[PDB]
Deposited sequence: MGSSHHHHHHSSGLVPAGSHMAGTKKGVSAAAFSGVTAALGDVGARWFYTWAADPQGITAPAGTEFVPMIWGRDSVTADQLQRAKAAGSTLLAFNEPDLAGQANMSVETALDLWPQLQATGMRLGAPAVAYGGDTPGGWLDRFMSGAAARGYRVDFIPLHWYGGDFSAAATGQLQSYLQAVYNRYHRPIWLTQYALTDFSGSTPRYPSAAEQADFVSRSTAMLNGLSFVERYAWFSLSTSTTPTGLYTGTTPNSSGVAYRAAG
């Protein structure tokens, strides 16, 4: 059990979750966003940005789970759009949930010295803060069977830098117009990447981006119908 999925509350979500065999899910929110999921599909709450850092939002998260994902893609202007200093300065409010705490999930550069995740993990340890595990994202631009090894190399480098277990909480082949793989390239990468992740013992969990093609053109399902990437993911774990 590592395999999960990001999900919007799209029409057919509960059937998709049951068909694909997600062992957990998240919604980019402090609660399941109207998603009904069976036992054996653990919900994992998230504080997405600077605006969800309020006693109400944190209370809600804490009612909903034992494990908390911090800010989503703070390194991107279009997402949490947050300085390292702001993330560390809020960190104590997230510690106050008492929940098992995942780092903010950078879109890029997690292995880069002086980069966003490096500076956050650096300051967190210097201040004596708690970062129980490191959510990561990965958007591969090489759409060949080489992508799996590239993700492997990224994952190993991050784990080597910080020595915390990893969740791969949002990954796909996508290059930023966004550029996309063929269906066959995508399905083969779903297949190869999940087999590699199943073997990577510091990776506790992974989640393809995303369950529904209504959320992202890299989606596994259209309504309750899996495409060939969804079939690979159903079979992945």
Gaps vs the deposited sequence (1-based, no CA atoms) are 1 to 23, 200 to 202
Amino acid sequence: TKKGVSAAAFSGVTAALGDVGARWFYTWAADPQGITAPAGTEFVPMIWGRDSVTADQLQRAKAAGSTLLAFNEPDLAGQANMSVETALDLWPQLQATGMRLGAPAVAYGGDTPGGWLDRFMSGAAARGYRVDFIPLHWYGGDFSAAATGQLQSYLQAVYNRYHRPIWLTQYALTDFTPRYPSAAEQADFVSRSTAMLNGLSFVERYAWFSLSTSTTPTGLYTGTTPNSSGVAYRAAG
From here on, numbers count along this sequence of modelled residues.
Higher average CA B factor in the deposited record is what I'm after, so tell me if that's 187 to 195 or 47 to 55. 47 to 55
58 to 66 set against 30 to 38, stretch whose average Cα temperature factor tops the other in the entry: 58 to 66
Residue of maximum C-alpha B factor among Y108, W167, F71, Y154, per deposited coordinates: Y108
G12 by Cα B-factor - lowest, middle or highest third of the modelled chain: highest
Where does the C-alpha B-factor of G223 rank in its chain, lowest, middle or highest third? highest
Chain third (lowest, middle, highest) by recorded CA B-factor, residue given as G102: middle
Splitting the chain's C-alpha B-factors into thirds, which one does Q150 fall into? middle
Looking at the temperature factor on the CA atom of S210, which third of the chain's modelled residues does it land in? lowest
